[PDB]
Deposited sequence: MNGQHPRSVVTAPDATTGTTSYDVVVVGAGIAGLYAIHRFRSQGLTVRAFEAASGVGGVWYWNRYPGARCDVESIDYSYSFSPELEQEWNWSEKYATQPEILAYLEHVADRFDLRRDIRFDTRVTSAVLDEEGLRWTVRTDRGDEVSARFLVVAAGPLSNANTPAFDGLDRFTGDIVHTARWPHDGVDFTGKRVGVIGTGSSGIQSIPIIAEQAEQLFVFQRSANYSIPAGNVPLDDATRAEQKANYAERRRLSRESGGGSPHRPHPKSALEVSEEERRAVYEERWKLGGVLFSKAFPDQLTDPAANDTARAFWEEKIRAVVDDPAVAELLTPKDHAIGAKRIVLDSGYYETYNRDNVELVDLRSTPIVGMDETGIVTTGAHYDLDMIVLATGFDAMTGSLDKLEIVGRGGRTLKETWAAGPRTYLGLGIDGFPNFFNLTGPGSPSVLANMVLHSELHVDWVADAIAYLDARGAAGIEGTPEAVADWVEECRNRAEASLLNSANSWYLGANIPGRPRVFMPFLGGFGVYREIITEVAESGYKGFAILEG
């Protein structure tokens, strides 16, 4: 029942945690709510689920052998391939024996005399950890929206968050998709190709750009070490940089050519084509205009194109979706886009969806749900720190951390890749590696000095909260209805760049953890 580390989650972060911590001789017990490893890549298996960041970059760097040995089948790996990859990883490093699956951690209570966390589970587990590491992921399922008479619909209801492992045949079916976030945008084109008829029920339109040899694949494998260095020192965790000159300080021909080149290689990277693209509203207007043009050129019907165009949002404010044949899908005879602002859904009946203006005969409804950002999973845990104060309570006015890694009243607790860190703003595999490594060094630091614990300082967290506030007040990611916002106004991620952030937390470590108190037994 005693372990050095308890890890919550068995996705990318938790799997690396187990490996890294055991390599320095720590005993580890991990809990995973799911049936197998993989996290988001295990749970989220709707058709066309796919990563945003090139798989060369969105993959582990910790093992030279694994990098050379594993062959990615395409530029942006789909969910089943990333799953197979993470399964291979648990196979190679014998991680599963230290994981208990189908087990949801419910509470963690600090014993302040001992500086241990007692971790409890819905399967009746009670374990004592020196260190609690939460690797619960940054994305959790947004609530299934309550529709009147959904329980009366005779056809099939399928949720993108709980996709049938053996798939769903859409052949011969009239299909209604509700939700046009990424899970919708990625599944729609596949649904339309085999469905008899597809109705897409859209509330808000989102920004999405296209996804897009043997001799060239062996070229990056030999240059992998240099590509990782660039990534670890970059702003977003990939070997890329923005243009030198400003958006509003270049030719139109040079503008179109820079946007066109950045249109090809990725959506997250298109957002950072120009330095002031996510800072100056007028600069963003150009990227917005360039995007609208491209979509009007591909969509046949100008009325549909307009409906596909996001109302009045800065491009990049919400993360740009990566699509494969999405906008082309609306040229098909068997797909109709229904504007929910004109005709809102007022309920379901036996035979389909009823809106304000028409009834829709359907055999199948696909609920393409979204994701809550950053605090969703942590919020389902009761973490009781010093004085018996929960993390939920101390975060009531917004997340407070130092570096994302320290919180006063929570010694020996580490929340990975969450509020206070770049989090989803950076390549999350490399971010996981950075954070797990940092935690492991901190533990090694404590062990070499006979110290019982480490704890965020009230002063350092206040300074960090302010630091995150300042980097964010400038950005267009800090919009009123922003994906990235917390309790209050609080923009949750660190917005200064991955390389900058990595530099900060490493120098903090090298200085003997200034801003943390080192605690004696």
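Enquirer: Counting from 1 along the deposited sequence, which stretches were left out of the model?
Expert: In sequence order, the gaps with no modelled C-alpha are 1-19, 232-235, 512-516.
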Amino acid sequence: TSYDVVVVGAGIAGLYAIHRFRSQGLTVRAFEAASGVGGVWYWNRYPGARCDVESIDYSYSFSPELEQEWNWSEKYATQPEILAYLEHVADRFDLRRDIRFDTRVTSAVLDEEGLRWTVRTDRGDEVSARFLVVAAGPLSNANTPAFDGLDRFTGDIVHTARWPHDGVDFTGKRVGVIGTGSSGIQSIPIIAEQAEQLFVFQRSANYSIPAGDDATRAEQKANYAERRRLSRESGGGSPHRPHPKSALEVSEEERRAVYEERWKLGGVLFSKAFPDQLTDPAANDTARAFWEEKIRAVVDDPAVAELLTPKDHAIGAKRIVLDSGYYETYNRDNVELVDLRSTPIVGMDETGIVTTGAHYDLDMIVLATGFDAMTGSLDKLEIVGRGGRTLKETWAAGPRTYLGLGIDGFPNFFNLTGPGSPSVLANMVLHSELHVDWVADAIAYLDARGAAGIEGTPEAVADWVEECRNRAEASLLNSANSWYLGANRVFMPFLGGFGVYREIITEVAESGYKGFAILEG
From here on, numbers count along this sequence of modelled residues.
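Enquirer: Output the stretch having the higher mean C-alpha B factor in the entry; the candidates are 213-221 and 404-412.
Expert: On average, C-alpha B-factors are higher across 213-221.
Enquirer: For the higher mean C-alpha B factor in the entry, choose 339-347 or 92-100.
Expert: Going by the record's values, the stretch with the higher mean is 339-347.
Enquirer: Per the coordinate record, which of the options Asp301, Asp169, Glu382, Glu74 holds the highest CA temperature factor?
Expert: Result of the comparison over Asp301, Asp169, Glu382, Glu74: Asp301.
Enquirer: So among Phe131, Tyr85, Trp291, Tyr445, who wins on Cα B-factor in the entry?
Expert: Out of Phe131, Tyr85, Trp291, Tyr445, the record gives the largest C-alpha B-factor to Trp291.
Enquirer: How does the C-alpha B factor of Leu66 compare with the rest of the chain: lowest, middle or highest third?
Expert: Its C-alpha B-factor belongs to the middle third of this chain's values.
Enquirer: Relative to the other modelled residues in the chain, which third contains the C-alpha temperature factor of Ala49: lowest, middle or highest?
Expert: Lowest third of the chain for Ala49's C-alpha B-factor.
Enquirer: Please say which third, lowest, middle or highest, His435 falls into when its CA temperature factor is compared across its chain.
Expert: It falls in the bottom third of the chain.
Enquirer: Would you check the entry's CA temperature factor for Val28 and let me know if it's in the chain's lowest, middle or highest third?
Expert: According to the entry, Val28 has a C-alpha B-factor in the chain's lowest third.
Enquirer: Please place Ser482 in the lowest, middle or highest third of its chain by C-alpha B factor as given in the entry.
Expert: Top third by C-alpha B-factor.
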